Amino acid sequence: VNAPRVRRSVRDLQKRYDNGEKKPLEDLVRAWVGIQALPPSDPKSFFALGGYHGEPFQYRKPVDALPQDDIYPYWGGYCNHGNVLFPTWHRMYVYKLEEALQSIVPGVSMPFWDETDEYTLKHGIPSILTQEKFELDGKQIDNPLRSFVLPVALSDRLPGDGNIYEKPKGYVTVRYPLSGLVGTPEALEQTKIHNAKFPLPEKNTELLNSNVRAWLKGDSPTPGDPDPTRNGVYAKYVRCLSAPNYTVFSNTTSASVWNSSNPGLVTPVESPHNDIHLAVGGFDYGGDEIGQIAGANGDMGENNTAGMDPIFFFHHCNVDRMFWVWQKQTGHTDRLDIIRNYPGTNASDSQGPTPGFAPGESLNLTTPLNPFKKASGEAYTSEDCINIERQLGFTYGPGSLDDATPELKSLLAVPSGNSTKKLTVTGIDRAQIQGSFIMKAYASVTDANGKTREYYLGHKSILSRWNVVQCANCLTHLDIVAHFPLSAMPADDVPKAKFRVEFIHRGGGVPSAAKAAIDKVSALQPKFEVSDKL
Amino acid sequence: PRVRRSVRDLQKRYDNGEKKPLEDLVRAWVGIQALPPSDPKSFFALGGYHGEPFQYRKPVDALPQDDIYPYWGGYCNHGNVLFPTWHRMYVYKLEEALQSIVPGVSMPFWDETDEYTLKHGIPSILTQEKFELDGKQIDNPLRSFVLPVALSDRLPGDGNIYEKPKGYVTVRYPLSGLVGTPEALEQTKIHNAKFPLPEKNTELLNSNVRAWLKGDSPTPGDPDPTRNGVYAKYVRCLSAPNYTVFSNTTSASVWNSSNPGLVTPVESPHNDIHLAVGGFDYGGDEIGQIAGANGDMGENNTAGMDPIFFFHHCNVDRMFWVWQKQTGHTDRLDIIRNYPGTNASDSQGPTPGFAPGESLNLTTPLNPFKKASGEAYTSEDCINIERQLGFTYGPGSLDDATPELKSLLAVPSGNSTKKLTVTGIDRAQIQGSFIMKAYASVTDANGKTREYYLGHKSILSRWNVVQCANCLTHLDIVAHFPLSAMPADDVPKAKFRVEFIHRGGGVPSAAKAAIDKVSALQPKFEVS
Ligand SMILES: [Cu+2]
Ligand SMILES: [Cu+2]
Ligand SMILES: [Cu+2]
Ligand SMILES: [Cu+2]
Ligand SMILES: [O]
Ligand SMILES: [O]
């Protein structure tokens, strides 16, 4: 009805400030200072809001206690992942934090970190999100956006017990290349050793910016034009805008099954999203190695405490913008549909049921997006946030990838004579894993002379969670199934290829769980299968 | 019939030229500490049997606060009639491992009540840093033990106060060894920085051990054990009327609520020594409520990992043998059926393989100890140590009842023969061992006031890791104290009080709540 508020690019707000129009950036900072200073029992404090995502958890004590053959994974946070509520839940999450910012500074808008604009590709994260200080009211302050100090502890307050979920009062959030897993003596010990290697704030920010550029590129970042390859996060965000329906656009579970039953490759918005979390939250895009431990256990790297890092919301505002662009480019600004009973539409899927959900329960456009409530006191659903302009009163200003162009079509195109086929990787066995991990796929072909060529087929980011489990035997058993284009390779070379996957993982984040990560990830033989041509 | 001797005796003999006894003892201890953790004669396995590493009952651990009950994941029996005979077997079984290394070797006893200990504390051979074996300097294996593997539940993502890393060294008063959470380790680091010198620490410990034995601050001349010290309590225990109440604190407590006078079970002074070596200052209630020196011996969790546990328990067995001799129970023991102390639910709760409500008797198996035939040992197998186990106790303190020992426990002419019962401390939460000290003040109409110390009670207990806020063990505290220190006409004027020394929840985040509860307690006082 009324003209939408305009969510704008954070980079654009910083440029306006750089040139003397400071009010916009100052309002945003002032709002963030205000929500960070509200008491933690207030539903609009940053601590409460960040706490909605993951920890502090609610538990299912009778489930935690089940034996190995009976137990099933569940999520003690409210956030929806690996399921069709991913986009809409996070839409409301961002909106709800924005309602909180507005309680400090009326009519302020939550901007977006435009992750795929020219600035980010060439320089990484805008410095307003990383810098130490800000000038507000002619006083220097700590930048509330670089990190957040916990006002109370994340703790289950169980007598005698400490675990890797737990984080003390005064804990400050960290990003790559630092670690902040501290709830057991060994985690804390490993964190202190790891962080001793990275003592200089300015160098740390350079490393982070450079990691973000490499992830976006899909290779080590070149000076000049940025040149995104077809494997990077840039390409993956472009791909997601072509996902053919909301179900497979929405989440990794739906997309995986779609990719096993349809020709070609769809990419859910959740995928490139996952990448940004891992880059910012402690995974080096890295390279060609057999395997690697990501010891930077940053808050953004797992779902447990990512919501306590302010950058979570700048990122997720960009993910919401991509969701809105997909709605516009595909005709879904006013309606969504979900394939009934498709993988991704069950509470049991992926992370498992959120508080108050039961195993087997169906997720649909009617499902409560807990804990978000309308003025009525009634639970928001997906049906309430399809159209951000008509139902929520805001829109997205201009930014990268608004428009389907020819330049973008071709970046996704199979070069002529290169393979149109896809690789399916299944090491369906084990999956007894602690924290997030990356799968990187390679093909090597040895010609007649004995000269080996390596083809990099791409990455897959599994954004997961830290786990505390009551039996030494069963953590949470999972199908490894991953698809990769073979478009990096000449079509006729596919039959001569020897495939491998490099896992990059947390390896427990500890020294008592790094002897079943060198020798149990190395005693896992993936199966590889190659489809028909298109 | 092999003889077990005073270790002070073996040490005198060493300093006078005769070294093979002490050298054989040390060699055997080096031997069993060097065996691998998976060998059931390794010291790690043997110390493991007592307490941690635990076997759990996960369905019980998940019970709600109204349904949960305490149980013990170690094999040791405590607060029940198998306390004396289970520990008898336990020491015997560690002697067998020592014999694995050095055939025919005998496990001595720390004679806690000899003249040396009253005046100088622990024999230095148990505290010395170093020892001469085969004209080489080795680390003294009796001083402490280094864990060859972690005490760990090996639960991914979890760490609790039960857990101690590989390379952990055992510690005594005045040091703390609770390290399984970041909080406990940090407090341990801060507490231990207050006690940085090993020589001073050894002095502090010897002085606390003397003060416990005496029952007041140690005097520099002759020892002068009061009626309230651990000396007196060991003496009182040799008069226990029957095995049932000799054997454990649950039986003796109900006996003392139901009969005139006071009995002392051998488990009681035994608890005293644990807390003395394991972190409690006898004088601690002049300073504060919290005993921060969380040493292995001070709780049942890891006490068995500290070598001195076996020298002490060798003396506890001695006292049980002596009680047997002096009361003619060398060959037969009796259990009052269904008396408190005869149930697996009593005190620490059931050991592995026992069920709530299950009876305990002389046929009950003393797990995990098994004969050459693979059959489980029972209390029937170990009543006469000479006849069935093949060893005796050499001479040492207290083995004869005498006029001097009778006049120590006896009420000064004109003093009260009555007794004080302290209760009204219903449903307290247990985290670690604690001590009660009772006092009386009397004020005349003219306004003069005298102060009386009535004595102490040591509750040897455990660390507890729970799955809910209010899911700790609950305990009714009941404690009985003699009134012998008071003149009889002051008793009706008296105002009684108790002081507690406790662990404060084990960690700083649990301390203020613990202190508030204890300070709030309004105990009831009852005079017989
Ligand atoms: Cu999320
Ligand atoms: Cu996210
Ligand atoms: Cu014991
Ligand atoms: Cu003991
Ligand atoms: O997320
Ligand atoms: O004990």
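Residues numbered from 1 in each chain as written, not as in the entry; some residues may be left out. Chains lettered and ligands numbered in written order. Part of a larger assembly, values for the part shown. Heavy atoms only, no water.

- Naming follows the PDB entry, where chain B appears as Tyrosinase of Burkholderia thailandensis.
- Under its PDB record, the entry appears with the title "Tyrosinase from Burkholderia thailandensis (BtTYR) at low pH condition".

- By the naming in the PDB entry, chain A is Tyrosinase, taken from Burkholderia thailandensis.

1. Here we look at the coordination of the copper ion (ligand 3)
All names here are of chain B.
Phase 1 of the analysis: Looking at the copper ion (ligand 3), one finds its protein donor set to be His 78 (NE2) and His 87 (NE2), positioned 2.0 to 2.6 Å from the metal centre.
Phase 2 of the analysis: Between the two metal centres, the copper ion (ligand 3) and the copper ion (ligand 4), the spacing is 4.2 Å. The pair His 78 / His 87 is uniform in exposure class, with both members buried. (Donors = N, O, S within 2.8 Å, 3.2 Å for Na, K, Ca; no water. Buried < 20%, exposed > 50% of the residue type's maximum accessible area, 1.4 Å probe, protein only.)

2. Description of the state of the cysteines
Phase 1 of the analysis: Taken as a whole and assessed by the stated rule, the structure comprises one disulfide over all chains.
Phase 2 of the analysis: A sulfur-sulfur distance of 2.1 Å marks the disulfide that ties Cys 468 of chain B to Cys 471 of chain B. Its S-S torsion of about 95° marks the bond between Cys 468 of chain B and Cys 471 of chain B as right-handed, since a negative value means left-handed.
Phase 3 of the analysis: Using a relative accessible area of 5% as the deciding quantity, one classes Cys 471 of chain B as buried.
Phase 4 of the analysis: As a non-bridged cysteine, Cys 240 of chain A has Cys 317 of chain A as the owner of its nearest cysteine sulfur, 15 Å distant.
Phase 5 of the analysis: Taking the relative accessible area as the measure of exposure, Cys 240 of chain A reaches 0% and is therefore buried.
Phase 6 of the analysis: For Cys 382 of chain B, which is in no disulfide, the shortest distance to another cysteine sulfur is to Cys 314 of chain B and amounts to 14 Å. (Disulfide = S-S within 2.5 Å.)

3. Some remarks on the sheet that holds strand β11 (residues 452-462) of chain A
Pairing between the strands of a sheet comes from backbone hydrogen bonds, and it takes one of two forms, parallel or antiparallel.
All names here are of chain A.
Phase 1 of the analysis: Taking strand neighbours across the sheet as the criterion, the four strands line up as β5-β13-β10-β11 in an open arrangement whose pairing is mixed. Two strands lie at the open edges of the sheet, namely β5 (291-293) and β11, each paired on one side alone. Taken pair by pair, the neighbouring strands of this sheet meet at an average axis angle of 15°, ignoring direction.
Phase 2 of the analysis: With eight bridges connecting them, strand β10 (residues 437-446) and strand β13 (residues 498-505) associate as antiparallel partners. Within β13, the residue paired with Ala 443 across the bridge is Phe 499. (Pairing = 2+ DSSP bridges. Helix = DSSP H or I, 4+ residues; strand = E, 2+ residues; numbered from the N terminus. Axes fitted to C-alpha atoms, helices over the stretch in contact; angles between N-to-C directions.)

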